[PDB]
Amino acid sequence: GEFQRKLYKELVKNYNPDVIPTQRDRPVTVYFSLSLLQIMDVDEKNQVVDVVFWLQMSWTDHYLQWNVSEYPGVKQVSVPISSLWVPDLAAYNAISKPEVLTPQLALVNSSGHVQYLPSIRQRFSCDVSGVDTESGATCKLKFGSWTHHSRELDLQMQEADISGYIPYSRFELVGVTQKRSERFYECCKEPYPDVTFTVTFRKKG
């Protein structure tokens, strides 16, 4: 679209994706949620889980807003994530780099709401010893900004989803939990939030 074209030239003009879009004394609040789609495998020897997650991440980038009157038809845009600031979310218990399965694009509202919803396959460190028991194995997968404290990036949880879980596969879900936390670290003087996704699973039969 010619109205869409005219906007991308502006949404680029003075945009630096390395800059966290904080506004005078206010953190960027980032909404976060993980959905376990499939437990691919477990390594009982090496103590690891091979898992496929759907991530729901949303925030506001004030540098990404536009007047819908200036660009009529343009309600939303699909922007490549490389073109924009994305939260520096770390998987604290990941033992492999993330494999992003879905197109690396984000949707952007006229008010600057960024929605990045990737499917990630990753391997995590976990005590899988009790996978063959009724109690099952429990993985506490922790995620959070690696470099931004609470006053810069406010991590918040959003409504989760266990409808996406693959019905076939050796593993059945005993329980799933998501909890947001905040702690002070001896290092920093400033606090840091995190979201912990907790899974309890077991081998079927």
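Take the two forms, find the largest set of C-alpha atoms that superpose within 1.5 Å, and that set is the rigid core. So that there is no doubt, residue numbering starts at 1 and follows the sequence shown.
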State which stretch is farther from the displayed form on average in 4 other deposited structures of this protein, 41-49 or 153-161, counting RMS CA distance after fitting on the rigid core.
153-161
Kindly name the stretch, out of 169-177 and 143-151, whose CA atoms are displaced more from this form in 4 other deposited structures of this protein after the core superposition?
169-177
The stretch whose C-alpha atoms carry the larger average B-factor in the entry, 127-135 or 91-99, is 127-135
Mean C-alpha B-factor higher for 146-154, or for 168-176?
168-176
From 56, 29, 163, 46, which pick has the Cα B-factor that tops the rest in the entry?
163
Modelled-residue ranking by C-alpha temperature factor, third containing residue 118
middle
Residue 14: CA B-factor among chain residues, third -> highest
Sort the modelled residues of this chain by their C-alpha B factor and say whether residue 34 lands in the lowest, middle or highest third.
lowest
CA B-factor ranking of residue 74, expressed as a third of its chain
highest
Please place residue 83 in the lowest, middle or highest third of its chain according to the CA B-factor in the PDB entry.
middle
